[PDB]
Amino acid sequence: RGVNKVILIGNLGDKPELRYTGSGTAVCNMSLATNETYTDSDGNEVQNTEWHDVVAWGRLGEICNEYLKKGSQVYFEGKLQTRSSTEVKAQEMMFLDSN
Amino acid sequence: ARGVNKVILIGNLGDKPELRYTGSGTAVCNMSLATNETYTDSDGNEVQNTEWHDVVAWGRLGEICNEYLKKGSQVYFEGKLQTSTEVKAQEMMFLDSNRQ
DNA sequence: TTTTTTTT
DNA sequence: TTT
């Protein structure tokens, strides 16, 4: 009855932080920086870093906590949602950090 | 691009769009959009999940939103996340126009 | 806080 | 669905 999709490509601001709920469900909280770089009206470069709170639950949360490092380039697809603040609940994750 | 920040929403406004102007006279339109999701309970019961989103449209797009959108209007939005967290609308489609 | 009409 |  509705579409709620978010797509993010950027780098992690810090190591993923894995926690567990009272019910023992894995929750992984992450900060992703998407960088927009644009020259403005006076030919002056301006860098505008957007920070995003990304949340991964269950297996995906633990996979993220295992393989993702501070500064890792990563693709995320998920839902927009607000809880407790506004966050992206990850549904898909793709490593873009290969060598 | 040095990054990808893309948001896509289909939903219904919860209220009339609200348009205001900045000190520079630039049109700013704020909206509240709802995306509904329905699933089944542990007991198999229907359970509605609703997410509300603050959507902002600037300039001409902001005026077009204020001009055609109303309470309950079904609408497609496409934009970027900005953080208070907001979806800045870059693209909009009125979905209650050509339904059949 | 507030939205949803045939239909998954 | 869920810190």
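Note on naming: letters A, B, ... go to the chains in the order of the sequence lines (proteins, then strands), and numbering restarts at 1 for each one.
- Atom-to-atom, CG of B:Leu33 to P of C:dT2 comes out at 16 Å; the value is rounded to the nearest Å.
- Of all nucleotides listed (D:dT3, C:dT4, C:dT2), C:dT4 comes nearest to the side chain of B:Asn12.
- The base of D:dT3 sits within donor-acceptor range of the side chain of A:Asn29, with an N or O pair under 3.5 Å.
- The salt bridge (charged side-chain N to carboxylate O under 4.0 Å, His left out) search around B:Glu86 returns none, not counting sequence neighbours.
- A donor and an acceptor atom, one from each side chain of B:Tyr76 and B:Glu78, are located under 3.5 Å apart.
- Residue B:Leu95 contributes atom CG, which lies 14 Å from atom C1' of C:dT3 at whole-angstrom precision.
- OP1 or OP2 of D:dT3 has not a single side-chain nitrogen or oxygen of A:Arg83 nearer than 4.0 Å.
- When hydrophobic residues (I, L, V, M, F, W, Y) are linked wherever their side-chain heavy atoms come within less than 4.5 Å, the members clustered with B:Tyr21 are B:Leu19.
- Contact annotation for B:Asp41: no contact, since no heavy-atom pair falls under 4.0 Å across all strands.
- In this structure, B:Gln100 places its CD atom 11 Å from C1' of C:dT7, rounding to the nearest Å.
- Residue B:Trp52 and nucleotide C:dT3 are not classified as a stacked aromatic pair, given the requirement of ring centres less than 5.5 Å apart at an interplanar angle below 30°.
- Evaluation of atom-type donor-acceptor distances gives a pair under 3.5 Å for the side chain of B:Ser32 against the base of C:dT2.
- Atom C1' of nucleotide D:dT2 and atom OH of B:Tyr39 are separated by 9 Å, given to the nearest angstrom.
- Residue contacts for A:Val55: at a heavy-atom cut-off of 4.0 Å it reaches a base atom on one of the strands shown.
- If you check the side chains of A:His52 and A:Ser31, you find no donor sitting under 3.5 Å from an acceptor.
- Judged by atom type and distance alone, B:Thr50 reaches the base of C:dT3 through a side-chain donor-acceptor pair under 3.5 Å.
- Distance OH (A:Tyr20) to P (D:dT3): 16 Å, rounded to an integer number of Å.
- One atom, NZ of B:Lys16, and another, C1' of C:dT1, lie 16 Å apart when rounded to the nearest Å.
- Across C:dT6 and C:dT2, the matching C1' atoms stand 25 Å from one another, rounded to whole Å.
- For the pair A:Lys89 NZ and D:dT3 P, the interatomic distance rounds to 10 Å; values are reported in whole Å.
- In this structure, B:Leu13 places its CG atom 10 Å from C1' of C:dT2, rounding to the nearest Å.
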Checklist line | Chi angles and distances behind the side-chain contact (heavy atoms from CB on, under 4.5 Å) call for A:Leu12, A:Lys70 | finding: CA-CA 5 Å; A:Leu12 286 182; A:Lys70 172 185 177 184; 5.6 Å; no
